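Peer 1: Sharing a structure, written as structure tokens. Questions coming.
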Amino acid sequence: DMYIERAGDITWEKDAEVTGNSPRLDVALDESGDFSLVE
Amino acid sequence: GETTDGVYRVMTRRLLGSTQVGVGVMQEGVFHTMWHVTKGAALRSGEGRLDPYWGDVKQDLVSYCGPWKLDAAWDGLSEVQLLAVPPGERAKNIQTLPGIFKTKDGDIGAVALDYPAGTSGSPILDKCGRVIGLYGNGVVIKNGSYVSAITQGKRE
Ligand SMILES: NCc1cc(Cl)cc(C(=O)Nc2cccc(-c3nn[nH]n3)c2)c1
């Protein structure tokens, strides 16, 4: 039995930690909602 | 139940202790999460019940109490923020420039940030604070790292 609990407001934080790259990937999406890489 | 707008953890007591299986967004009286988090099951909010209203396995999305309300889209140029809500940890904003998923049916924004599976459903926001999609359905690339699509529904 699943339940929900509030965790916060949805707001943009000024000067938040900035990280992660921006990869451009060729992908396929199947009928089960799973993404896979196309090579 | 609590119906105030915001980000919420999705928990279960079926396993050992209380386990966080995902996250979602309450907006305009509707709870939004990824299908793989709930598998379309009903949810509890205090003494109240939330019943599924719309869902689709291929999009990996589900809404409760009403139709999908989130319609903001990534502009294709700007940095965004993942409001990550990791299991047992405080909500935290992470800024990033999305990459792209190129598909036969069009391009989708993607965020190359790696969090535990129980973070699925955390919202990705634009600079106006609008939810442009949910984090948690993606791929594992040739370095073991994780890249999630920016998954957004359609507002009828
Ligand atoms: N640590 C990387 C990571 C982060 C996040 Cl936020 C999510 C995942 C992940 O596994 N997502 C996913 C997608 C689609 C189906 C399922 C699933 N199906 N059934 N039970 N889970 C699970 C992985």
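Chain labels follow the order of the structure tokens: the first chain is A, the next B, and so on; residue numbering restarts at 1 in every chain, and ligands are counted from 1 in their shown order.
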Enumerate the residues of stretch 105-135 of chain B with a DSSP assignment of strand (DSSP E or B), computed from the backbone, and present them as a list in words.
Peer 2: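 Taking stretch 105-135 of chain B and keeping strand (DSSP E or B) gives residues 106, 107, 108, 109, 110, 111, 122, 123, 124, 125, 131, 132, 133, 134 and 135 of chain B.
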Peer 1: For the residues in the current selection, export C-alpha atoms as a short mmCIF file (atom, residue, chain, number, x, y, z; two decimals), in the first residue's frame.
Peer 2:
data_model
loop_
_atom_site.label_atom_id
_atom_site.label_comp_id
_atom_site.auth_asym_id
_atom_site.auth_seq_id
_atom_site.Cartn_x
_atom_site.Cartn_y
_atom_site.Cartn_z
CA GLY B 106 11.63 13.58 -32.80
CA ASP B 107 14.10 14.96 -30.26
CA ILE B 108 13.61 14.97 -26.45
CA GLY B 109 15.70 16.83 -23.81
CA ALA B 110 17.80 14.58 -21.55
CA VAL B 111 19.54 15.15 -18.19
CA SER B 122 11.44 14.11 -9.40
CA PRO B 123 10.46 17.19 -11.41
CA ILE B 124 12.72 19.05 -13.84
CA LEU B 125 12.01 22.85 -13.85
CA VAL B 131 7.64 21.63 -14.43
CA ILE B 132 8.94 20.73 -17.92
CA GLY B 133 8.93 16.95 -17.20
CA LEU B 134 9.79 14.15 -14.75
CA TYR B 135 13.18 12.49 -14.19
#
Peer 1: Residues of chain A that have any atom at most 10 Å from an atom of ligand 1: could you tabulate them with the shortest-distance atom pair and the distance in Å to one decimal, using only C-alpha atoms and all ligand atoms, ordered by chain and increasing number, as a tab-separated table?
Peer 2:
residue	atom	partner	partner_atom_place_in_ligand_line	distance
A:32	CA	ligand 1	15 (C)	8.9
A:33	CA	ligand 1	14 (C)	7.0
A:34	CA	ligand 1	14 (C)	6.1
A:35	CA	ligand 1	14 (C)	8.3
Peer 1: Find the spatial neighbours of residue B:50, counting only C-alpha atoms, within a cut-off of 6 Å - ignore same-chain residues fewer than 5 positions away - and output them as a list in words.
Peer 2: residues 42, 43 and 64 of chain B
Peer 1: Could you turn the residues from that selection into a file that holds N, CA, C and O atoms, as a short mmCIF file (atom, residue, chain, number, x, y, z; two decimals), in the first residue's frame?
Peer 2:
data_model
loop_
_atom_site.label_atom_id
_atom_site.label_comp_id
_atom_site.auth_asym_id
_atom_site.auth_seq_id
_atom_site.Cartn_x
_atom_site.Cartn_y
_atom_site.Cartn_z
N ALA B 42 -3.54 2.43 -6.59
CA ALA B 42 -4.07 3.56 -5.82
C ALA B 42 -3.03 4.04 -4.80
O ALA B 42 -2.16 3.28 -4.39
N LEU B 43 -3.15 5.30 -4.36
CA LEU B 43 -2.24 5.87 -3.38
C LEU B 43 -3.02 6.41 -2.18
O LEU B 43 -4.19 6.77 -2.30
N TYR B 64 -3.29 11.19 -11.10
CA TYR B 64 -4.26 10.77 -10.06
C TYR B 64 -5.21 11.94 -9.77
O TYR B 64 -4.73 13.10 -9.65
#
Peer 1: May I have the residues within 9 Å of residue B:9 as a list in words, using only C-alpha atoms and disregarding those fewer than 6 positions away in the same chain?
Peer 2: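 So, after excluding close chain neighbours, the residues are residues 3, 4, 5, 6 and 7 of chain A; 20, 21, 22, 23, 24, 85, 86, 87, 118, 119, 121 and 122 of chain B.
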Peer 1: With N, CA and C atoms kept, could you save the residues just selected as an mmCIF file, in the first residue's frame?
Peer 2:
data_model
loop_
_atom_site.group_PDB
_atom_site.id
_atom_site.type_symbol
_atom_site.label_atom_id
_atom_site.label_comp_id
_atom_site.auth_asym_id
_atom_site.auth_seq_id
_atom_site.Cartn_x
_atom_site.Cartn_y
_atom_site.Cartn_z
ATOM 1 N N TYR A 3 1.860 5.329 -0.168
ATOM 2 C CA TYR A 3 1.407 6.590 0.398
ATOM 3 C C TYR A 3 2.345 7.726 0.007
ATOM 4 N N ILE A 4 1.853 8.966 0.042
ATOM 5 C CA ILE A 4 2.695 10.123 -0.318
ATOM 6 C C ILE A 4 2.944 11.029 0.891
ATOM 7 N N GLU A 5 4.108 11.707 0.884
ATOM 8 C CA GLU A 5 4.515 12.609 1.966
ATOM 9 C C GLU A 5 5.097 13.831 1.322
ATOM 10 N N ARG A 6 4.670 15.034 1.750
ATOM 11 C CA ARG A 6 5.199 16.255 1.113
ATOM 12 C C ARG A 6 6.706 16.369 1.339
ATOM 13 N N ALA A 7 7.458 16.796 0.336
ATOM 14 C CA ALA A 7 8.915 16.959 0.440
ATOM 15 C C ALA A 7 9.384 18.415 0.184
ATOM 16 N N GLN B 20 11.223 4.301 0.001
ATOM 17 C CA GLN B 20 10.829 5.270 -1.014
ATOM 18 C C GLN B 20 10.970 4.683 -2.447
ATOM 19 N N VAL B 21 9.837 4.476 -3.109
ATOM 20 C CA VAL B 21 9.860 3.928 -4.469
ATOM 21 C C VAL B 21 9.883 4.996 -5.560
ATOM 22 N N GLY B 22 9.556 6.240 -5.213
ATOM 23 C CA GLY B 22 9.607 7.314 -6.189
ATOM 24 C C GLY B 22 9.171 8.648 -5.648
ATOM 25 N N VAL B 23 8.843 9.572 -6.549
ATOM 26 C CA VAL B 23 8.496 10.967 -6.271
ATOM 27 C C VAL B 23 7.421 11.446 -7.281
ATOM 28 N N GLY B 24 6.697 12.503 -6.934
ATOM 29 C CA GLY B 24 5.716 13.069 -7.853
ATOM 30 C C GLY B 24 5.361 14.501 -7.539
ATOM 31 N N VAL B 85 14.670 14.524 -5.214
ATOM 32 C CA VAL B 85 14.200 14.154 -3.877
ATOM 33 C C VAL B 85 14.685 12.709 -3.630
ATOM 34 N N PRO B 86 15.969 12.528 -3.236
ATOM 35 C CA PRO B 86 16.509 11.167 -3.054
ATOM 36 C C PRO B 86 15.986 10.477 -1.794
ATOM 37 N N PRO B 87 15.936 9.133 -1.787
ATOM 38 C CA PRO B 87 15.436 8.418 -0.600
ATOM 39 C C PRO B 87 16.199 8.779 0.691
ATOM 40 N N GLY B 118 14.820 5.208 -6.579
ATOM 41 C CA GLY B 118 13.745 5.784 -5.773
ATOM 42 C C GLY B 118 13.547 7.286 -5.935
ATOM 43 N N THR B 119 14.429 7.935 -6.708
ATOM 44 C CA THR B 119 14.316 9.366 -7.035
ATOM 45 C C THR B 119 13.408 9.557 -8.286
ATOM 46 N N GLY B 121 10.537 10.250 -10.821
ATOM 47 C CA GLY B 121 9.374 11.111 -10.662
ATOM 48 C C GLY B 121 9.739 12.518 -10.175
ATOM 49 N N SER B 122 11.041 12.760 -9.786
ATOM 50 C CA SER B 122 11.437 14.113 -9.396
ATOM 51 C C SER B 122 11.241 15.060 -10.577
#
Peer 1: Given the choices B:112, B:117, B:26, B:37, which gets closest to chain A if the distance is worked out from only C-alpha atoms?
Peer 2: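 Of B:112, B:117, B:26, B:37, the one nearest chain A is B:112, counting only C-alpha atoms.
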Peer 1: Please provide as a VMD selection string all residues within 10 Å of residue A:18, with the sequence filter that same-chain residues fewer than 2 positions apart are discarded (counting only C-alpha atoms).
Peer 2: (chain A and resid 15 to 16 20) or (chain B and resid 79 to 81 93 to 97)
Peer 1: Just want the 9 Å neighbourhood of residue A:11, counted on only C-alpha atoms, with same-chain residues fewer than 5 positions away dropped. Output as an mmCIF file with N, CA, C and O atoms, in the first residue's frame.
Peer 2:
data_model
loop_
_atom_site.group_PDB
_atom_site.id
_atom_site.type_symbol
_atom_site.label_atom_id
_atom_site.label_comp_id
_atom_site.auth_asym_id
_atom_site.auth_seq_id
_atom_site.Cartn_x
_atom_site.Cartn_y
_atom_site.Cartn_z
ATOM 1 N N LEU B 83 14.861 18.978 -9.387
ATOM 2 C CA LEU B 83 14.591 19.120 -7.971
ATOM 3 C C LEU B 83 14.591 17.700 -7.492
ATOM 4 O O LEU B 83 13.524 17.030 -7.470
ATOM 5 N N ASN B 93 18.081 21.134 -5.349
ATOM 6 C CA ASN B 93 18.074 21.579 -6.744
ATOM 7 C C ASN B 93 19.441 21.420 -7.364
ATOM 8 O O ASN B 93 20.450 21.858 -6.783
ATOM 9 N N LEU B 125 12.621 21.527 -13.738
ATOM 10 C CA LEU B 125 12.014 22.849 -13.846
ATOM 11 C C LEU B 125 12.749 23.808 -14.787
ATOM 12 O O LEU B 125 13.972 23.738 -14.932
ATOM 13 N N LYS B 127 13.465 28.136 -15.597
ATOM 14 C CA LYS B 127 13.775 29.299 -14.743
ATOM 15 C C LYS B 127 12.565 29.989 -14.142
ATOM 16 O O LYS B 127 12.708 30.783 -13.191
ATOM 17 N N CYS B 128 11.371 29.710 -14.689
ATOM 18 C CA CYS B 128 10.126 30.229 -14.129
ATOM 19 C C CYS B 128 9.522 29.309 -13.054
ATOM 20 O O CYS B 128 8.462 29.620 -12.514
ATOM 21 N N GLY B 129 10.180 28.191 -12.745
ATOM 22 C CA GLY B 129 9.671 27.253 -11.747
ATOM 23 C C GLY B 129 8.628 26.291 -12.297
ATOM 24 O O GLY B 129 8.061 25.496 -11.541
ATOM 25 N N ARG B 130 8.379 26.324 -13.628
ATOM 26 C CA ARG B 130 7.386 25.418 -14.229
ATOM 27 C C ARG B 130 7.977 24.031 -14.475
ATOM 28 O O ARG B 130 9.118 23.916 -14.934
#
Peer 1: Find the distance between atom CA of residue B:72 and atom CA of residue B:101 and write it in Å to one decimal.
Peer 2: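 Atom CA of residue B:101 lies 18.0 Å from atom CA of residue B:72.
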Peer 1: Give me, as a ChimeraX atom specification, all polymer residues having an atom no more than 7 Å from residue B:35, counting only C-alpha atoms and skipping those fewer than 4 positions away in the same chain.
Peer 2: /B:39-40,55,57,60-62
Peer 1: Go through A:36, A:19, A:27, A:9 one by one, measure the shortest atom-to-atom distance of each to residue B:7 using only C-alpha atoms, and give the residue with the smallest value.
Peer 2: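 Among the listed residues, the smallest separation from residue B:7 belongs to A:9.
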Peer 1: Let me make sure I understand: among B:91, B:152, B:52, B:78, which one has the smallest atom-to-atom distance to chain A if we use only C-alpha atoms?
Peer 2: B:91
